[PDB]
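Novice: One structure, pasted below without further comment.
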Amino acid sequence: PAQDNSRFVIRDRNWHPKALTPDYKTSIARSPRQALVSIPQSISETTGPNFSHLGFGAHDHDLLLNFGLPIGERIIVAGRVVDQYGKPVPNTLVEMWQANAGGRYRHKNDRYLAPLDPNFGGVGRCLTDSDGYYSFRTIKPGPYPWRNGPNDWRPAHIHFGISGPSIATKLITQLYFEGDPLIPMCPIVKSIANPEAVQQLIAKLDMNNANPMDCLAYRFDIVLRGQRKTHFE
Amino acid sequence: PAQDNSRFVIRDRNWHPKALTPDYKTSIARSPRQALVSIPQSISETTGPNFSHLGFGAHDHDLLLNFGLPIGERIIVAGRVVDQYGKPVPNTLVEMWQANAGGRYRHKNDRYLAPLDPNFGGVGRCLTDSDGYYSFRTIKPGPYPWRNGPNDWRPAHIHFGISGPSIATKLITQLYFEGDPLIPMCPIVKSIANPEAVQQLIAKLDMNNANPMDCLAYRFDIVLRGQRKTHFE
Amino acid sequence: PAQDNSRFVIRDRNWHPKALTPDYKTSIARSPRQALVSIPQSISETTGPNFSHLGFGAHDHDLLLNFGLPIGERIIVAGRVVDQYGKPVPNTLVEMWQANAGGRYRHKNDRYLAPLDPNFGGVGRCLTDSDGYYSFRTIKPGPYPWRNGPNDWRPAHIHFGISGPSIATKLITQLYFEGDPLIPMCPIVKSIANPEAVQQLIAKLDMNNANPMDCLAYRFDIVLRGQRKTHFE
Amino acid sequence: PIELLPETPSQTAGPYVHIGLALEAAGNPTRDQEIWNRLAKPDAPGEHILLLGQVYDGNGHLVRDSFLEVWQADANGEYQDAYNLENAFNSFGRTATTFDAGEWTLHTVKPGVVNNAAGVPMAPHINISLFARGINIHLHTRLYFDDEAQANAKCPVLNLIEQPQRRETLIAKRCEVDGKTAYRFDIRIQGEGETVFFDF
Amino acid sequence: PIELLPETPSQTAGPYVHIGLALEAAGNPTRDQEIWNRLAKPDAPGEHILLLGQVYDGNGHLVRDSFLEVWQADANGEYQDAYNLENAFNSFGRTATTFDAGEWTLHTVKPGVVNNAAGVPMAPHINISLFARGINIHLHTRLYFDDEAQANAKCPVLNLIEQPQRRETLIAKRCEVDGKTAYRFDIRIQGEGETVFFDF
Amino acid sequence: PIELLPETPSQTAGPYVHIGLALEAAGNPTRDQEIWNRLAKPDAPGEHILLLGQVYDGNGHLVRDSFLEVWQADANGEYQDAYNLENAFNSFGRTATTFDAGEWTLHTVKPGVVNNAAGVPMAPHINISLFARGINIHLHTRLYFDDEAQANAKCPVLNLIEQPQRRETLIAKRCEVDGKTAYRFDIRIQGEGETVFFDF
Amino acid sequence: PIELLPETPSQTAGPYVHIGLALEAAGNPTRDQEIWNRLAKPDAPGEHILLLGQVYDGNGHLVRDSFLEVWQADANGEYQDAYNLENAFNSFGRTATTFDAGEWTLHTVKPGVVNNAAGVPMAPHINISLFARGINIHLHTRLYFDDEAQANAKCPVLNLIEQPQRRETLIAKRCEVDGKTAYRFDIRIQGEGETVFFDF
Ligand SMILES: O=C(O)c1cc[n+]([O-])c(O)c1
Ligand SMILES: O=C(O)c1cc[n+]([O-])c(O)c1
Ligand SMILES: O=C(O)c1cc[n+]([O-])c(O)c1
Ligand SMILES: O=C(O)c1cc[n+]([O-])c(O)c1
Ligand SMILES: [Fe+3]
Ligand SMILES: [Fe+3]
Ligand SMILES: [Fe+3]
Ligand SMILES: [Fe+3]
């Protein structure tokens, strides 16, 4: 079984978005009013599932083939998963989901008038390698209008979920594309108070990773809570 | 018939791109080596066709309907045509052409591996109104790899052609999208030496013109050579 | 035999000197007028020779001993060869040639009036180690007059040739010495448009690697094209 | 002071979370292997239980787009981290609330006891992470069982909750679903009877 | 000094110009009304002629993706600016070179004489704008006729070209295509026999 | 965007390049092991050939201080990267032009066919890098054989050169030297008949 | 992005708003023509009704210094924008709550049906803007009638409110005052039963 041999750097709750961020409407009624109760780390929190044995399909990470070819800007999204100490996070589960080129999601509840792409699903999963590297191949999603304010549009973005070594490191985030003018206008993006934190969410154009005459590439590194050994406990 | 009653501000050939811009390969062999011969304006140059009577179709300016619905980011591209003096250019012909959401053009010669969109043609034309306003509805084109350097990608762009009042004002240009990180890397964009001139080519996000829950909008104004009356000739 | 497993980052032809740089007189007739033709990387370009079995003599990298003692400033030139990703390039061939303490080459065609040094040849070779490190022992070359403009002087320099993993990485360059006032006046140096690029060609004094009461040292690191594994091809 | 690299900021999971982490619910085709709500196979040691609940917002309305992740010890109080569909029991699972009634369910076994870092036993518990649209950063909670009153009273974690009335929000109520042992654990995100959520 | 608003910079038309300005060539369906290469209808006054040419790059190779716009006076030396497909004659037209042989053609009438701003007559001429990939800003030229030698010699515009040998680049050579009057006007963009291009 | 460390900038090899890379030519004593112009030992398999050529500047004058490096597959379409003076065949070699007549020579075998990244076979070819004073960054080119017309016509590489006339600048002309198979490959750096140079 | 001139920022109407917009209420002499609470002249067509209600703060206390403005269609589903004291019906009116009991009243007619931008009919409704001290920017809401359940169930507007329970806060309850048809519409600004407020 898993064992309690690690401690994780305490989360900085002023870096992450706060629970109540009124401009993002839904958060009003979906935010606790009582303070979170701080508890010491134990095996319950310092352990988590290892996905090394899940049976991954051949195109689990290739959105171009996992669902013709989809219409849109062919891109590769690649990056590394490291911890706060700069240490790679090997054999970790990276899952992603996004809209199509037009901003339509392949989900029951999506009523946006832009059409579905017959050759596009929107889901990918990849286990990072020994160096903490992951990569996916997909199409760049389009902006998506949503019922927040009367004229609110989400910047193009890809939803990401990363497991890490324990339930303590587990994270759900969103990637944004370098230069998108909608970024600074999004109430969800703005849930994050430090402009410096926002920058961590922006995937950078990566010409070095692009496939000439084929597809472009974006670089997106993810930092998980720092893992240290217990001492003097 | 047309009459010689106007003079046009002389073009600033240092503002426009030069003929020979070696990084853009094709220009090497397609640029004159002899100096352009300056000639005085006459009726031949100060006149041009009026397109007021061309028979425009109902969806000539609506790329969403002029060719299902196309897949991609629904946008409205609108703006005004003025001259150097700030004077509107009414009843002028604005024509445009672009790639699909994936960067594929509907042209014989286009071999890019991204697929054609069955519901997308790529051509639009609009006559400006009394105030010099034009508008089109389309999908935002994707970046397009081309055989220039080994890894050259055109920023997403829409080709524009504007008639103006004479053959003297006639212009062919390209619109780029605000924030696109490929802009500063394009050898065609870089044919233009003044960074200030480059900015004139960038369409700005226009939230005020957007159709909530429907489509976004980009603003792109075009400035044609200034028209003055002849004096003391 | 060799295998097509890598891709090399496309070269930045605006970083390196361009072919035609008129102040460097000889480039006028020895530069192509047609644009280079871009081709996709194949096994032909992504492979190259491995010099690990070349039979190097014991003093191949020691110009003080490979040809009495040479007259001149005894120095060690050492550094490391890395790729653009900052990864060492082990067992790669580094070759160098240079003039004597007086600016005279041991070459037929050299008629400069400064005499040859009976104990100095001016050639060396070294295979980088596991860490990408190389080192030579020589004497500091003197500036050399050349028939470019009427009073042109090459700054003291050492010519370098580096193989790397493929013919795609192979490079020829020159090393310049920290603070030499001739650097900024040289037309060959000036062939490099970016002053930041010039800086990479300057060897820095390195007191740490010096042999007290014996010889000084200069550090010269070399960066070859970034190597990456192929993906989604 | 020393500063490490900043952790990547959290973002809400959004309303379409299902297309990525709960394919079936999304109404999409699933892959060969998927992480779902069945932690134990019938032949797994321990007391087989069914967990079920609803999630309420601050207005008393059901959150029908919520997504939950669970982490628990097996019946012998051991955390089985090597996730595998062949396993009789997996320590990890996922569930979501129905767009209809809005109830999540999980098929598992009552977890054994585990000790905190100071060597003190904790009452049997299931660790839960809640994700949904409107939730900027996932909420952490624990599910304890009303039938473990004695252990619950001595839990070093439960005891950290200052007000005893607040501790009760963490206790699942034992019941039976189609004459099978079940425990109901409703989560109140905000307001009256608001569930305790932790920071660790 | 006084500075006005800067004019929008030119950009090459690119290789796909046809999809936008020459639909047929693009290999695409055309609209009801299109601006093409037939300036005059059979019943139009004037001497009906066929114009044809090729465009060469600096290496002596055909530019098969070129796009051209023409502006000329009718037979009475008048500029007909009200473009209409019903017109017997339109002063404006468009043509392009074939991806095969790479020859453009235009069906028109020999233009009448027009006076410059100083009241001096100009030799009959067709104004041409050339666009293509590799051309940053369109090139301006004029087409004069070899059979108008007397008028050509007195042209105030032709006379502005310092070297007489250069003037010859602007003269179309009269010929016959299927026993019909035609004039060939080849454009050399760069090099030997490079065509004069104007700035106005 | 992501910016990597910049690559060290190229510099001309200069006029004295032989001192370092062509010891004999410089008229200096060589070392025990030198990389030279004989890729194949007389007993190497394949069709043994002799390559020779001149290099011309933009004025048509011979370039007598040029240095060349070659990379080619063996007769089996194989790249032999482990360089060793003992091998019967080496994929890599070096040559330079004479300060006299100014002609380089190489002794090798005709290369077998290799496939490009897409799996399409390329015509037999020798990759060449040219260095010399006045050349800031070395020039890349390929040598094809005129007796492989069939293959040359289908090469994915030759086929990337827009103009057919330019493809011809890469074809070596078969001949015979002392009843020995030879191919002459002249390089014109600039101007009329200028050789195709690559970027990769 | 394109930035337009910013709109002048809103400010609370303050406690003395009546001096400017409800002269009588302020207990001041009015002018010849005043915009008040009687939209329809007793002889106006349609079903004449009387509207009344209270406004409560977050503590459940009456808001006695509030000012309201209404916009509604006439009985034919028509907006009568040309305001005139002579018309039998005016689409616009003003009301305010009593410094005593604190109840507002309006005398009008039940509005006819109007279609939204998409062409779908909305249930009969009265648009309301609420102003008062403590209210920085006025609040928008709509008044629906409980006797039009059928229509209300299909309103595209009511249907935009996620939660059904919240839709109910917009429905006025039919009654009778002196054998006159009346509908009571209480506004709860904050808390329990808080009214739905719009942004448009
Ligand atoms: O929280 C939401 O409402 C929301 C809507 C749409 N998208 O795309 C999201 O990512 C989040
Ligand atoms: O000049 C070109 O080659 C070129 C290629 C592709 N696009 O899209 C352009 O606009 C221009
Ligand atoms: O290119 C040349 O002419 C030149 C002359 C002398 N040195 O020393 C060089 O390095 C280059
Ligand atoms: O909101 C208030 O209490 C207030 C009081 C007095 N004045 O003058 C205002 O304008 C507002
Ligand atoms: Fe989303
Ligand atoms: Fe284009
Ligand atoms: Fe030198
Ligand atoms: Fe006041």
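Residue numbers (the deposited numbering), protein chains in the order written: chain N, 301 to 367, 371 to 536; chain N', 301 to 367, 371 to 536; chain O, 301 to 367, 371 to 536; chain B, 1 to 200; chain B', 1 to 200; chain C, 1 to 200; chain C', 1 to 200. A prime marks a further copy of an entry chain. We put the beta carbon where it would ideally sit given N, CA and C, even for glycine.
Would you kindly check if the distance between the Cβ of C/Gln72 and the Cβ of C/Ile161 is under 8 angstroms?
Specialist: no
Novice: Would you check if the distance between the CB atom of N'/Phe423 and the CB atom of N'/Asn403 is smaller than 8 angstroms?
Specialist: yes
Novice: Is there a C-beta anywhere in chain O that falls below 8 angstroms from the one on N/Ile379?
Specialist: yes
Novice: Taking Cβ-Cβ distances shorter than 8 angstroms, what residues in chain N' pair up with O/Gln334?
Specialist: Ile328, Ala329
Novice: What does N'/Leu474 reach in chain B' if we use C-beta pairs closer than 8 angstroms?
Specialist: Under a criterion of Cβ atoms nearer than 8 angstroms, the residues of chain B' adjacent to N'/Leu474 are, in order, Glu7, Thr8, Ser10.
Novice: Starting from N/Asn394, follow its DSSP beta bridges and name the residues at the other end.
Specialist: Per DSSP, none; premise fails for N/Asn394.
Novice: Among B'/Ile189, B'/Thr195, B'/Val109, B'/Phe89, whose alpha-carbon lies nearest the alpha-carbon of B'/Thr181?
Specialist: B'/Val109
Novice: Is N/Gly482 near N'/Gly482, with beta carbons less than 8 angstroms apart?
Specialist: yes
Novice: Which residue's Cα is closest to the Cα of N/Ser327: N/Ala335, N/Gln334, N/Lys318?
Specialist: N/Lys318
Novice: With a threshold of 8 angstroms between beta-carbons, can C'/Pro1 be considered close to chain N', or not?
Specialist: yes
Novice: So which residues on chain N does C/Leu4 lean against when the C-beta distance must stay under 7 angstroms?
Specialist: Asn511
Novice: Show which residues of chain C have a CB atom less than 9 angstroms away from the CB atom of O/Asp360.
Specialist: Those are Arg31, listed as they occur along chain C.
Novice: Just to confirm my understanding: we take B'/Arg133, look at its own chain, exclude 5 residues before and 5 after, and list those with CB closer than 6 angstroms. What are they?
Specialist: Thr12, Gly14, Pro15, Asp65
Novice: So, is the C-beta of residue 214 of chain C closer than 8 angstroms to a C-beta in chain O?
Specialist: Nothing in the structure corresponds to residue 214 of chain C, since chain C is present only between 1 and 200.
Novice: Could you work out which residue in O/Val337, O/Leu519, O/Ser469 is closest to O/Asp386 when comparing CA atoms only?
Specialist: O/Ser469
Novice: For ligand 8, list every residue whose C-beta falls under 7 angstroms from any of its heavy atoms, going in chain order.
Specialist: C'/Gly14, C'/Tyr16
Novice: Would you mind telling me which residues of chain N' sit closer than 7 angstroms to N/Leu372, beta carbon to beta carbon, in chain order?
Specialist: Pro418
Novice: Excluding the 5 residues preceding and the 5 following N'/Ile505 in the sequence, name in chain order all residues of the same chain whose CB lies nearer than 6 angstroms to its CB.
Specialist: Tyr479, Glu481
Novice: For ligand 5, is there any heavy atom lying closer than 7 angstroms to the beta carbon of N/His460?
Specialist: yes
Novice: Can you give me, in chain order, the residues of the stretch 440-462 of chain N' that have a beta carbon less than 9 angstroms from any beta carbon in chain O?
Specialist: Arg450, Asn451, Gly452, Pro453, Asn454, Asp455
Novice: Would you mind reading off the limits of the beta strand (DSSP E) that contains B'/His48?
Specialist: Segment 48-56, the beta strand (DSSP E) holding B'/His48.
Novice: I'd like to know if the stretch 99-119 of chain C and the stretch 45-62 of chain C are in contact, where contact means that at least 3 CB-CB pairs between them fall below 8 angstroms.
Specialist: yes
Novice: Using 8 angstroms as the limit for Cβ to Cβ distance, is B/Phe89 near chain N?
Specialist: no
Novice: With C-beta atoms as the reference, is B/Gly20 less than 8 angstroms away from N/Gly357?
Specialist: no
Novice: Should the stretch 169-183 of chain C be called in touch with the stretch 46-61 of chain C, which here means at least 3 C-beta pairs below 8 angstroms?
Specialist: The stretch 169-183 of chain C vs the stretch 46-61 of chain C: in contact.
Novice: So O/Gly435 contacts chain C; which residues on that side make the cut at Cβ distance below 7 angstroms?
Specialist: Those do not exist, as O/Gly435 stays about 13 angstroms from chain C at its closest Cβ, beyond 7 angstroms.
Novice: Taking 7 angstroms as the cut-off, is the CB of C'/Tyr83 close to at least one heavy atom of ligand 5?
Specialist: no
Novice: Can you give me the C-alpha to C-alpha distance between B'/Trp36 and B'/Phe92, rounded to a whole angstrom?
Specialist: 9 angstroms
Novice: Compare the beta carbon distance of N/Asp360 and N/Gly427 with 8 angstroms and say whether it is the shorter of the two.
Specialist: yes
Novice: Could you give the distance in angstroms between the alpha-carbon of N'/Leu527 and the alpha-carbon of B'/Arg188?
Specialist: 29 angstroms
Novice: At what residues does the alpha helix (DSSP H) containing N'/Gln503 begin and finish?
Specialist: Note, N'/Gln503: premise wrong, no alpha helix (DSSP H); not H, not E.
Novice: When the Cα atoms are used, what is the spatial distance from C/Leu143 to C/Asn152?
Specialist: Across the structure, C/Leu143 and C/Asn152 are spaced so that their CA atoms are roughly 11 angstroms apart.
Novice: Do N/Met516 and N'/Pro448 have their C-beta atoms closer together than 8 angstroms?
Specialist: yes
Novice: Could you give the residue range of the alpha helix (DSSP H) that holds C/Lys41?
Specialist: Run containing C/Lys41: none; DSSP gives neither H nor E here.
Novice: Starting from C'/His138, trace the beta strand (DSSP E) both ways and give me its first and last residue.
Specialist: Element bounds for C'/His138: n/a, residue is neither H nor E.
Novice: State yes or no: is the C-beta of N'/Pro498 within less than 8 angstroms of the C-beta of N'/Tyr324?
Specialist: no
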